[PDB]
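Data first, discussion second: the structure below is written as structure tokens.
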Amino acid sequence: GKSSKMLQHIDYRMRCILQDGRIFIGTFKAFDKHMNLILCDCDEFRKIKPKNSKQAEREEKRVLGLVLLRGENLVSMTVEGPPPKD
Amino acid sequence: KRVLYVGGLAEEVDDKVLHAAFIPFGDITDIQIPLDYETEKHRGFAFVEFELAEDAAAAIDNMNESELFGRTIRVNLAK
RNA sequence: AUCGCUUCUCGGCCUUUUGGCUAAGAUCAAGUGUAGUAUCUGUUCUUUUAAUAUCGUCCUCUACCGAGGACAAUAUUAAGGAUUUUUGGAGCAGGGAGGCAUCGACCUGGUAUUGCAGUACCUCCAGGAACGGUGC
RNA sequence: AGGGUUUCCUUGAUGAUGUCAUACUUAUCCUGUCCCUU
């Protein structure tokens with residue numbers, strides 16, 4: 001019916017999980033049939049997705065920037081934070 | 001509630017004059033002067049926006065009815 | 001009683017009102033089905049292929065201009081699953097242990113090559129690896 | 001012979017309210033036409 005399930009989360013900050021187990025967090029700006037994704041201001045995490053880990057929240061973080069991810073290698077997505085206003 | 005209407009302005013001053021006359025009270029973010037394009041001159045008034053409301057307040061107290069222009073000005077929220 | 005204002009009844013004006021004629025001018029009747037118009041109710045836009053039609057150059061004719069032909073893609077519509085998008089070619093599969101196999105530079109000595117090139121690598125002889133990668 | 005102060009912004013202009021369906025009355029459409037009980 002609605003097709004909205006992806007379009008809803010568009011412009012939002014999104015936590016995307018890759019098939020190797022990486023975590024890509026960026027601004028979800030576009031998708032397609034294959035679920036190839038366009039992620040603005042995107043960083044990569046490896047060790048953790050923090051839920052306020054008292055030791056530290058961030059280890060092996062890398063700044064990537066503007067990322068196009070191929071859908072083949074995507075597993076899943078959740079909402080990480082609201083859209084930046086800019 | 002950041003934009004003010006400032007009327008009763010003496011005729012000669014431009015945005016540079018206004019910046020110089022009001023900066024002693026605090027930093028300014030914007031200065032608008034409505035123009036009449038047929039004459040190319042302003043209409044006698046302008047709006048000056050301060051960074052801080054406290055500074056805008058001090059300016060009202062010391063500049064209303066002030067010297068050089070030598071006349072009383074009107075200041076209020078523009079809208 | 002008289003003068004004035006206001007209810008209420010009534011009389012007179014009310015043709016101010018029926019603006020011709022002929023054979024009373026003549027005659028005396030309906031149902032169904034479709035199409036069009038109007039009104040009311042409910043809900044939508046902006047910011048690849050098929051069919052049809054027809055500025056540049058060359059040639060010819062006539063007096064730079066005009067006409068005729070040929071050549072170079074363009075426009076519209078649809079996607080009810082058949083290669084460039086929306087009815088899928090993807091899927092599933094990694095821990096085990098605290099020596100073994102294979103390859104590659106590599107480090108020491110010594111030794112050879114003196115030629116005009118676009119490159120898995122590049123002499124050889126002996127010694128050395130508490131070296132690096134991968135798999136179990 | 002003599003003198004003085006209050007503007008919401010502020011153009012040279014190639015998409016907006018519709019559309020569809022149903023119900024009620026003709027310059028069209030066809031008529032010369034009928035039922036029902038003892």
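Ordering of the structure tokens sets the chain letters (A, B, ...); residue numbers start at 1 within each chain; ligands are numbered from 1 in the order shown.
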May I have the residues within 9 Å of region 13-25 of chain A as a tab-separated table (two decimals) with C-alpha atoms, in the first residue's frame, using only C-alpha atoms (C1' of nucleotides) and disregarding those fewer than 4 positions away in the same chain?
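Okay, out.tsv is ready:
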chain	number	residue	atom	x	y	z
A	9	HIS	CA	12.74	7.85	8.02
A	39	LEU	CA	24.09	8.60	4.03
A	40	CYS	CA	25.20	12.19	4.71
A	41	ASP	CA	27.69	13.06	7.51
A	42	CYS	CA	28.30	9.37	7.97
A	43	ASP	CA	30.65	7.77	10.56
A	44	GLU	CA	31.61	4.11	10.99
A	45	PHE	CA	31.77	2.25	14.29
A	46	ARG	CA	33.15	-1.21	14.94
A	47	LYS	CA	33.44	-2.09	18.57
A	48	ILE	CA	30.11	-0.91	20.05
A	49	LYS	CA	26.87	0.99	19.63
A	72	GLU	CA	23.42	-6.27	-1.05
A	73	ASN	CA	25.52	-5.67	2.10
A	74	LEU	CA	22.78	-4.03	4.22
A	75	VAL	CA	21.13	-6.01	7.00
A	76	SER	CA	19.04	-3.56	9.06
A	77	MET	CA	18.27	0.01	10.16
A	78	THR	CA	16.93	1.77	13.23
A	79	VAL	CA	16.30	5.42	14.06
A	80	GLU	CA	19.32	6.92	15.79
A	81	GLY	CA	18.33	10.57	16.13
A	82	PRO	CA	16.16	13.25	14.60
A	83	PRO	CA	16.99	15.18	11.40
A	84	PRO	CA	19.67	17.91	11.69
Select residues of chain D: the criterion is any atom within 8 Å of an atom of chain B, counting only C-alpha atoms (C1' of nucleotides); output as a ChimeraX atom specification.
/D:5-10
Work out how far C1' of residue 28 (chain D) is from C1' of residue 37 (chain C), in Å to one decimal.
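Going from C1' of residue 37 (chain C) over to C1' of residue 28 (chain D), I get 16.2 Å.
Minimum atom-to-atom distance to residue 57 (chain C), evaluated using only C-alpha atoms (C1' of nucleotides), belongs to C:71 out of C:6, C:103, C:71, C:77.
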Distance limit 12 Å, atoms considered: only C-alpha atoms (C1' of nucleotides). Which chain C residues sit that close to chain A? Return them as an NGL selection string.
:C and (85-91)
Restrict the selected residues to C-alpha atoms (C1' of nucleotides) and save them as a PDB file, in the first residue's frame.
ATOM      1  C1'   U C  85      15.172   0.523 -11.997  1.00  0.00           C
ATOM      2  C1'   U C  86       8.699  -1.626  -9.058  1.00  0.00           C
ATOM      3  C1'   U C  87       6.933  -8.389  -8.972  1.00  0.00           C
ATOM      4  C1'   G C  88      13.920 -10.438  -7.018  1.00  0.00           C
ATOM      5  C1'   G C  89      20.039 -14.276  -8.696  1.00  0.00           C
ATOM      6  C1'   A C  90      20.672 -15.031  -5.104  1.00  0.00           C
ATOM      7  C1'   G C  91      21.406 -17.987  -0.718  1.00  0.00           C
TER       8        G C  91
END
List every residue of chain A that DSSP, applied to the backbone of this structure, assigns to alpha helix (DSSP H), and report them as a list in words.
residues 4, 5, 6 and 7 of chain A
Serialized selection, N, CA and C atoms, as a compact mmCIF listing (two decimals), in the first residue's frame:
# COMPACT_ATOMS: atom_id res chain seq x y z
N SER A 4 5.59 3.99 2.45
CA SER A 4 6.11 5.05 3.30
C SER A 4 7.21 4.59 4.24
N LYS A 5 7.21 3.29 4.56
CA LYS A 5 8.08 2.75 5.61
C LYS A 5 9.55 3.17 5.51
N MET A 6 10.03 3.41 4.30
CA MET A 6 11.35 4.00 4.10
C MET A 6 11.30 5.52 4.05
N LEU A 7 10.31 6.04 3.32
CA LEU A 7 10.16 7.48 3.13
C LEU A 7 9.94 8.24 4.45
How many Å lie between CA of residue 28 (chain A) and CA of residue 50 (chain A), rounded to one decimal?
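Distance reported for this atom pair: 19.8 Å.
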Select from chain B everything DSSP, run on the backbone, classes as strand (DSSP E or B), then give the selection as a ChimeraX atom specification.
/B:4-7,28-32,35-36,41-42,46-50,74-77
Please write the residues from the selection above to a file, keeping N, CA, C and O atoms, as a short mmCIF file (atom, residue, chain, number, x, y, z; two decimals), in the first residue's frame.
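Generated output (result.cif):
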data_model
loop_
_atom_site.label_atom_id
_atom_site.label_comp_id
_atom_site.auth_asym_id
_atom_site.auth_seq_id
_atom_site.Cartn_x
_atom_site.Cartn_y
_atom_site.Cartn_z
N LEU B 4 12.91 45.36 15.87
CA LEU B 4 12.34 46.60 16.38
C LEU B 4 12.10 47.65 15.30
O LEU B 4 12.84 47.72 14.32
N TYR B 5 11.09 48.48 15.52
CA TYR B 5 10.76 49.56 14.60
C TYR B 5 11.33 50.81 15.24
O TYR B 5 11.07 51.09 16.42
N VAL B 6 12.11 51.58 14.49
CA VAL B 6 12.76 52.76 15.05
C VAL B 6 12.38 53.93 14.17
O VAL B 6 12.78 53.99 13.01
N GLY B 7 11.59 54.86 14.71
CA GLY B 7 11.16 56.00 13.92
C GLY B 7 11.62 57.34 14.46
O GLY B 7 12.18 57.42 15.56
N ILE B 28 26.16 44.51 17.33
CA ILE B 28 24.95 44.60 16.52
C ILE B 28 24.97 43.52 15.44
O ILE B 28 26.00 43.27 14.82
N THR B 29 23.83 42.87 15.24
CA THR B 29 23.72 41.81 14.25
C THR B 29 23.14 42.25 12.91
O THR B 29 23.47 41.67 11.87
N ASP B 30 22.28 43.26 12.93
CA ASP B 30 21.69 43.73 11.68
C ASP B 30 21.19 45.17 11.72
O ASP B 30 20.80 45.68 12.76
N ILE B 31 21.22 45.82 10.56
CA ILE B 31 20.76 47.19 10.44
C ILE B 31 20.00 47.30 9.13
O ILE B 31 20.57 47.07 8.07
N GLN B 32 18.72 47.62 9.20
CA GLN B 32 17.89 47.73 8.01
C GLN B 32 17.38 49.14 7.81
O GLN B 32 16.85 49.74 8.74
N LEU B 35 14.32 51.94 1.80
CA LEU B 35 14.66 52.96 0.83
C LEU B 35 13.54 53.26 -0.14
O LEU B 35 12.65 52.45 -0.36
N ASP B 36 13.59 54.46 -0.73
CA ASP B 36 12.63 54.86 -1.75
C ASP B 36 13.50 54.85 -3.00
O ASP B 36 14.35 55.73 -3.17
N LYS B 41 16.90 57.64 -1.57
CA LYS B 41 17.16 58.06 -0.20
C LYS B 41 16.28 57.28 0.76
O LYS B 41 15.24 56.75 0.36
N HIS B 42 16.68 57.21 2.02
CA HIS B 42 15.88 56.50 3.02
C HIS B 42 14.67 57.33 3.42
O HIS B 42 14.60 58.52 3.08
N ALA B 46 14.90 53.53 10.61
CA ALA B 46 15.61 52.27 10.43
C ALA B 46 15.36 51.35 11.61
O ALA B 46 14.79 51.75 12.62
N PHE B 47 15.81 50.10 11.48
CA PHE B 47 15.67 49.13 12.55
C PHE B 47 17.06 48.60 12.88
O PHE B 47 17.78 48.16 11.99
N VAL B 48 17.42 48.66 14.15
CA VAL B 48 18.74 48.19 14.56
C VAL B 48 18.55 47.01 15.50
O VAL B 48 17.86 47.12 16.50
N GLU B 49 19.18 45.89 15.17
CA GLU B 49 19.05 44.69 15.97
C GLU B 49 20.33 44.40 16.75
O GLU B 49 21.40 44.22 16.16
N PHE B 50 20.22 44.38 18.07
CA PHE B 50 21.36 44.08 18.92
C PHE B 50 21.48 42.58 19.15
O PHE B 50 20.50 41.85 19.00
N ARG B 74 11.13 56.90 18.30
CA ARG B 74 10.09 55.96 18.71
C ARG B 74 10.62 54.56 18.48
O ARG B 74 11.10 54.24 17.39
N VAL B 75 10.54 53.72 19.50
CA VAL B 75 11.03 52.35 19.40
C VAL B 75 10.01 51.34 19.96
O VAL B 75 9.51 51.51 21.07
N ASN B 76 9.74 50.29 19.19
CA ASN B 76 8.79 49.26 19.62
C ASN B 76 8.98 48.00 18.78
O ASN B 76 9.68 48.03 17.77
N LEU B 77 8.37 46.90 19.20
CA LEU B 77 8.46 45.66 18.43
C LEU B 77 7.87 45.98 17.07
O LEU B 77 6.84 46.67 16.98
#
Pick out the residues sitting within 12 Å of region 29-32 of chain D, and hand them over as a PDB file with N, CA and C atoms (P, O5', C5', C4', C3', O3' and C1' of nucleotides), in the first residue's frame; count only C-alpha atoms (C1' of nucleotides), and ignore anything fewer than 6 positions along from it in its own chain.
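Result written to part_9.pdb:
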ATOM      1  P     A C  29     -59.121  16.146 -27.471  1.00  0.00           P
ATOM      2  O5'   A C  29     -58.844  16.110 -25.906  1.00  0.00           O
ATOM      3  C5'   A C  29     -57.541  16.417 -25.384  1.00  0.00           C
ATOM      4  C4'   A C  29     -56.682  15.179 -25.388  1.00  0.00           C
ATOM      5  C3'   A C  29     -55.348  15.298 -24.657  1.00  0.00           C
ATOM      6  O3'   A C  29     -55.036  14.016 -24.147  1.00  0.00           O
ATOM      7  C1'   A C  29     -54.940  14.749 -26.896  1.00  0.00           C
ATOM      8  P     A C  30     -54.308  13.902 -22.748  1.00  0.00           P
ATOM      9  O5'   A C  30     -53.373  12.623 -22.921  1.00  0.00           O
ATOM     10  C5'   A C  30     -53.380  11.868 -24.147  1.00  0.00           C
ATOM     11  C4'   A C  30     -52.356  10.761 -24.084  1.00  0.00           C
ATOM     12  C3'   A C  30     -51.411  10.803 -22.885  1.00  0.00           C
ATOM     13  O3'   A C  30     -51.030   9.484 -22.516  1.00  0.00           O
ATOM     14  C1'   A C  30     -50.166  11.068 -24.872  1.00  0.00           C
ATOM     15  P     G C  31     -50.748   9.129 -20.982  1.00  0.00           P
ATOM     16  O5'   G C  31     -49.694   7.929 -21.085  1.00  0.00           O
ATOM     17  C5'   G C  31     -49.692   7.087 -22.231  1.00  0.00           C
ATOM     18  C4'   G C  31     -48.285   6.618 -22.553  1.00  0.00           C
ATOM     19  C3'   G C  31     -47.314   6.632 -21.377  1.00  0.00           C
ATOM     20  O3'   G C  31     -46.339   5.617 -21.563  1.00  0.00           O
ATOM     21  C1'   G C  31     -46.484   8.010 -23.019  1.00  0.00           C
ATOM     22  P     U C  32     -45.791   4.782 -20.315  1.00  0.00           P
ATOM     23  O5'   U C  32     -44.449   4.252 -21.006  1.00  0.00           O
ATOM     24  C5'   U C  32     -44.406   4.060 -22.415  1.00  0.00           C
ATOM     25  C4'   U C  32     -43.020   4.357 -22.957  1.00  0.00           C
ATOM     26  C3'   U C  32     -41.889   4.232 -21.943  1.00  0.00           C
ATOM     27  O3'   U C  32     -40.695   3.859 -22.616  1.00  0.00           O
ATOM     28  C1'   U C  32     -41.906   6.385 -22.751  1.00  0.00           C
ATOM     29  P     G C  33     -39.471   3.224 -21.847  1.00  0.00           P
ATOM     30  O5'   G C  33     -38.387   3.134 -23.010  1.00  0.00           O
ATOM     31  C5'   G C  33     -38.587   3.853 -24.252  1.00  0.00           C
ATOM     32  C4'   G C  33     -37.400   4.743 -24.542  1.00  0.00           C
ATOM     33  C3'   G C  33     -36.243   4.538 -23.580  1.00  0.00           C
ATOM     34  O3'   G C  33     -35.058   5.019 -24.196  1.00  0.00           O
ATOM     35  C1'   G C  33     -37.010   6.707 -23.306  1.00  0.00           C
ATOM     36  P     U C  34     -33.627   4.508 -23.708  1.00  0.00           P
ATOM     37  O5'   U C  34     -32.636   5.335 -24.640  1.00  0.00           O
ATOM     38  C5'   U C  34     -33.157   6.099 -25.744  1.00  0.00           C
ATOM     39  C4'   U C  34     -32.736   7.546 -25.640  1.00  0.00           C
ATOM     40  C3'   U C  34     -31.353   7.808 -25.050  1.00  0.00           C
ATOM     41  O3'   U C  34     -30.774   8.838 -25.834  1.00  0.00           O
ATOM     42  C1'   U C  34     -32.963   9.101 -23.915  1.00  0.00           C
ATOM     43  P     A C  35     -29.200   8.887 -26.091  1.00  0.00           P
ATOM     44  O5'   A C  35     -28.917  10.462 -26.110  1.00  0.00           O
ATOM     45  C5'   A C  35     -29.948  11.362 -26.499  1.00  0.00           C
ATOM     46  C4'   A C  35     -29.837  12.670 -25.739  1.00  0.00           C
ATOM     47  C3'   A C  35     -28.447  12.989 -25.199  1.00  0.00           C
ATOM     48  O3'   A C  35     -28.280  14.396 -25.139  1.00  0.00           O
ATOM     49  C1'   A C  35     -29.908  12.887 -23.426  1.00  0.00           C
TER      50        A C  35
END
